[PDB]
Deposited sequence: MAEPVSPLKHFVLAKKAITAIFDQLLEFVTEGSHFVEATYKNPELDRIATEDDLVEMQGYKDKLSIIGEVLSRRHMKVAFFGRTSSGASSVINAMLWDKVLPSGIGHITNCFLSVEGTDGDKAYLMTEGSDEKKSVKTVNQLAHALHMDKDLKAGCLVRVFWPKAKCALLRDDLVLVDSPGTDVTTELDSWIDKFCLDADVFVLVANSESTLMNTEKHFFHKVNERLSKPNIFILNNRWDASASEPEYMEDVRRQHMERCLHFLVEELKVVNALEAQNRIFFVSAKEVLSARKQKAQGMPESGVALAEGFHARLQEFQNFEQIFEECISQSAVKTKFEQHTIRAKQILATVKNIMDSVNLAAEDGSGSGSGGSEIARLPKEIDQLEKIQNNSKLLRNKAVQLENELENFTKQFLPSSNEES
């Protein structure tokens, strides 16, 4: 009932918060180390190498927080014209966000904070019209739709439509590695082609266990028929299971059950846009809904790990080195001198212990962050 996407948005705000505190802390600590090293009436209590380390960390953390900021979930769709990739996307959103072709470029869909749809094309910041004015290697058109109308877009998801995998070459995927999920939209009136497989083979080789879903769309055209339906499904199931589990070897048999879905995107869209019956419209709609719920669980989870974990790790290492540096200052300062110099060294002692204690606080919070958002810690 709570969109599983919220898991990603919550992790995002938590990890950006932590890295805010993180940058503040290492900035303060750099000043301290810098003060101590440049103080001319001390003898190497803090060193130039201590200083350079901290300055490096300050600069490193600055732009991690900047890329965390821009991180989002991405799902990419592929299919022959016309298994209905665009109708699948339009139905996940609840409107005809993508009319109606078609043109050789990737089509992504993002949310705007505004109220009006519009377009943008490579190397221009002009917001071109709603889509009306819609139509030398790869071409991307970014479509923007109001967040207030689609929960998916509000919750940090980008959907990408490829041009028909039917119609030319394959150095495409540098639009496509950002993607946390790839979805093959199949034509259930036909059979899984090798041209369809060929693309996901070249995705499998450059990505370790990518998440792949197969939508056998157009599942209307096999309606009306109770016995016929189960027999054709079993046959599509075999080719889909075989492809994922054995050809792509990207998922085991029992997992693959929750990667393959029989669906009617036309129906779902029509039913969803009508909010201001064929044979088995309800069962299919439920099925599209189960897909959404599993998809959202899968993308949110995967996206947190691949986009947030390593930065979390990096932060832990950084906090370790700053603790070692504080300790080193505290200890060096512990080692005859006047009672004027003695209380200067004591001031430095407890400033280092304070700095060191916050580092430990921030390690707590980071640990805390991996428990809530990164099993199995």
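Not built in the structure, per the record, are deposited positions 1-3, 105-107, 142-152, 185-187, 297-305, 365-375, 418-421.
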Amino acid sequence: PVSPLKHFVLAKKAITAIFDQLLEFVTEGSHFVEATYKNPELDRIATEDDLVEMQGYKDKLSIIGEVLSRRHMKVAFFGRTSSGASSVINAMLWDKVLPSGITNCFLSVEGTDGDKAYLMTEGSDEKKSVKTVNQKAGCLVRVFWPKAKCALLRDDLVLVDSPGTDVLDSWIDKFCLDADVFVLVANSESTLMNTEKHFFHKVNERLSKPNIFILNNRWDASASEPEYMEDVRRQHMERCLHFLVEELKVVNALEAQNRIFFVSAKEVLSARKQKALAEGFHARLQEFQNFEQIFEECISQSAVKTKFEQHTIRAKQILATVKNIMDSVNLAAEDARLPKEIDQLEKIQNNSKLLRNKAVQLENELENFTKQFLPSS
From here on, numbers count along this sequence of modelled residues.
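In this entry, 100-108 has the higher mean Cα B-factor, the comparison being between 100-108 and 279-287. When the two stretches 267-275 and 185-193 are set side by side, the higher mean Cα temperature factor goes to 267-275. The maximum CA B-factor among the listed residues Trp94, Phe77, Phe199, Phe261, taken from the PDB record, is found at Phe199. Residue set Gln257, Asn90, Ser124, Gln235: peak C-alpha B-factor at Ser124 (per PDB entry).
Ranked within its chain, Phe175 lands in the highest third, by CA B factor from the PDB record. Per the deposited record, the Cα B-factor of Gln135 falls in the highest third when ranked against the other modelled residues of its chain. For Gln310, the recorded CA B-factor ranks within the lowest third of the chain. Only modelled residues enter the ranking. Annotation for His31: C-alpha temperature factor in the lowest third relative to the rest of the modelled chain, per the entry. When the modelled residues of the chain are ordered by their C-alpha B factor, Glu296 lands in the lowest third.
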